[PDB]
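For reference, the structure discussed in these notes is given below.
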Amino acid sequence: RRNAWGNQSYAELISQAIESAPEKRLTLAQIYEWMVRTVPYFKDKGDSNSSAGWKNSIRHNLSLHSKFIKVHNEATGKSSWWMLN
DNA sequence: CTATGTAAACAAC
DNA sequence: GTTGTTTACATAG
Ligand SMILES: [Mg+2]
Ligand SMILES: [Mg+2]
Numbered sequence: 097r098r099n100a101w102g103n104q105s106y107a108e109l110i111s112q113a114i115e116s117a118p119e120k121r122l123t124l125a126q127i128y129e130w131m132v133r134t135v136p137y138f139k140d141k142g143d144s145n146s147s148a149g150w151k152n153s154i155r156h157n158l159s160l161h162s163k164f165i166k167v168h169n170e171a172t173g174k175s176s177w178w179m180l181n
């Protein structure tokens, strides 16, 4: 294992999360939820705040890679939708 | 040198 | 306390 959760890179995990959504878009909190619900290593980490290393790494990847695109979200108290490409 | 993971400064909310 | 962008640095290859 390249990482504690497997060989997937964070970009690959985020990509799988987005692709699993029916409308192919998820908010940042939803990407974290997908990790906690689906990746064994993260199953006992839902109780963490945003300073958690892995959450910071997710945010870093979303901004760094052009493959992740940010779209405005109409829902009043919710953040941006993240999509692929 | 590049890809990747990790940490943190910093803005804006 | 979160969301988002960014620099900085470490290491594997
Ligand atoms: Mg991006
Ligand atoms: Mg060393």
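Every number in full-length UniProt numbering is 96 more than the matching position in the first sequence, counting from 1.
Ideal Cβ placement from N, Cα and C applies to all residues, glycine included.
- Secondary structure of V167 (DSSP, three-state): strand.
- With a cutoff of 8 Å on beta-carbon distance, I154 and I127 are scored as near each other.
- Using a cutoff of 7 Å, the CB of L158 counts as near ligand 1, since one of the ligand's heavy atoms is closer than that.
- With contacts defined by Cβ atoms closer than 8 Å, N169 and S175 form a contacting pair.
- Not a single heavy atom of ligand 1 lies less than 7 Å from the C-beta of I110.
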